[PDB]
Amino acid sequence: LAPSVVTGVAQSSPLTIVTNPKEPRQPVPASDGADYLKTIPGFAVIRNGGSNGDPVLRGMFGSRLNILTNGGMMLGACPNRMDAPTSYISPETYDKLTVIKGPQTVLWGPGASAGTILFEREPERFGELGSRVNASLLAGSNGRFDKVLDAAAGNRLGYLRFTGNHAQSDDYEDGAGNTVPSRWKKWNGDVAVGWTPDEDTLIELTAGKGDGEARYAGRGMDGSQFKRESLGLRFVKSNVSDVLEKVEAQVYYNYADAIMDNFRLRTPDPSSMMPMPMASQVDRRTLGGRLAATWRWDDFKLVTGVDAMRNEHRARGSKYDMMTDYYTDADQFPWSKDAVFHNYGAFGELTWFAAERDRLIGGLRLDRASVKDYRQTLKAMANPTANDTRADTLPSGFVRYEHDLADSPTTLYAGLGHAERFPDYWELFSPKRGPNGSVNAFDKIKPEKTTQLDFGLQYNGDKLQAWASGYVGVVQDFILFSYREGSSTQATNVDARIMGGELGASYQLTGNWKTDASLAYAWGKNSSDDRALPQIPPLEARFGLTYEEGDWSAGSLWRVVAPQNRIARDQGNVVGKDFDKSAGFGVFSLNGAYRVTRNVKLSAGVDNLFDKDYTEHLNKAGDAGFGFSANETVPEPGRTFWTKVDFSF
């Protein structure tokens, strides 16, 4: 009882955060997966415009994070990651978002250096014949309007479930009265049919579509289409044997189909190097499965399984004859395939419940990765590695020990983990140069190998609930983009050390008054060049205060961010580079929520009450074609008002 808005999420069990994405969140998320991570300490976000941020976890970017949707993986097709994996995820339409920090699981795919992230839906539990609806409407500054409907009907034997949404916002303004190019629009409709013959069985087919557009204050091109499309089939059988607790089988298909241009939103910058109307279409076809058995007997729990994943990428672009001024749009030429990846793996995880206060946990997986370059030419010139292939075999695993204190309600844990990761599409194809003496990046960029120590504690008290997690680790053959002036990238392997932590606490002062706080630090050194790693988000703290009283509640929130002076100029990732140290800043916010009926909640909020003008260290450099000076990064929104209503029947 007693509703409120989510300003931070605490680490509830060791290494693991779990939150329900359907709750409101204090700086309102732009209906995008990265934004539902801001409220989890350790996550920072590279802003591209109004939405579609690239999420960074403990300084770690890109495929270093496994983002899953119903156990399945979905990748975008932009060579500059305009349509990052989270670009396609509306959390509101899911039922559970869960994060495991570190390389401390092997059940959910390969090369999870930084952490894995699992957006899930749960299958309906229908006894009688019956229905449930639940839905939300939101309304904010700058045209921000969102609709979300999730409904289902069924009985003991089966169910049908529709979930969908539509969301949009106009260009927002920063704290200096500047309209930031940041229009965006999204929608999504997925259905799920489920068959449950007995309670020990469940089969479930699911399909869905989504589209979206989004203007990008970074970039220099905009996203006029981000088509997504998904199939899925999952099998779950409980209590086969007395030791065979459950079997899981799961297949997934995920197609992405993006269109970027410089004329469907914005006008071609006449002084740029794209003064001509231009577009480029791109798509990514991902197919994959997973099969896993959970054995429980005596004091142990073994979870063996295998998984596989294939994915394919193609592109095609417009042409402009500038003496007819004729424009042949990119849908007239044929798709050129340029890359196919494969991966198969096997994994197990064993947990020993020694005594009732000690847990030992171990896991390994073996992954066989491979990739073939299909580019017959380059940007035209010859591609010296056309139709070439490569592969590798990448063992990864971990151990974690967790002890429960005798008296206080405290858990301690320490864990050691190794994770190897094959280069992703962007590390291999998107850079214009490889390492020195290499022909291109594809030929020589080495798989990245991470070894890291995690530890921390949980205090699950009465009035005081605290947690902390730290990490120290090294990174062999870290993959690192280096920028030279058009402007050109080079990908290299370097060695790195990393160190950091997160901690937080929430104290229930009196029966009405609650306060909480959080701290997030990351740190990275490039050992190869003796210098700092780029794109590391500075130290930040969050303070919350909350009054609750029966049916209603009111909140305040302080975000305070230190400056980042550890930077590597003209180095970074496929998306962005460092150039200047960042300023610190404070942002303050208010919120309230009210339970009208058993079925209708209300909430509202002011974000950035004092209309602070600020930008974040990780945000992209703004485009010269809009009013952006050299290297000036895209600013965060100024003051924004939002109200939101939540139904459930």
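The numbering used is simple: start at 1 and walk along the sequence shown.
According to the entry, the deposited sequence runs straight from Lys463 to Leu464 with no unmodelled residues in between. In this entry, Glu485 and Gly486 are separated by 1 to 3 residues of the deposited sequence that lack coordinates. Between the stretches 240-248 and 162-170, it is 240-248 that shows the larger average CA temperature factor.
Between 323-331 and 115-123, the higher mean Cα B-factor belongs to 323-331. Comparing the listed residues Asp367, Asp200, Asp307, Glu502, the entry records the largest Cα B-factor for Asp200. The entry assigns its greatest Cα B factor, within the set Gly232, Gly470, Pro268, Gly288, to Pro268. In the deposited entry, the Cα temperature factor of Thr492 places it in the middle third of its chain's modelled residues. Annotation for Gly348: CA B-factor lies in the lowest third of the chain's modelled residues. Placement of the Cα temperature factor of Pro14 within the chain: lowest third of the modelled residues, per the deposited record. Among all modelled residues in this chain, the alpha-carbon of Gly397 has a temperature factor (C-alpha) in the middle third. When the CA B factors of the chain's modelled residues are split into thirds, the value for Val282 lands in the lowest one.
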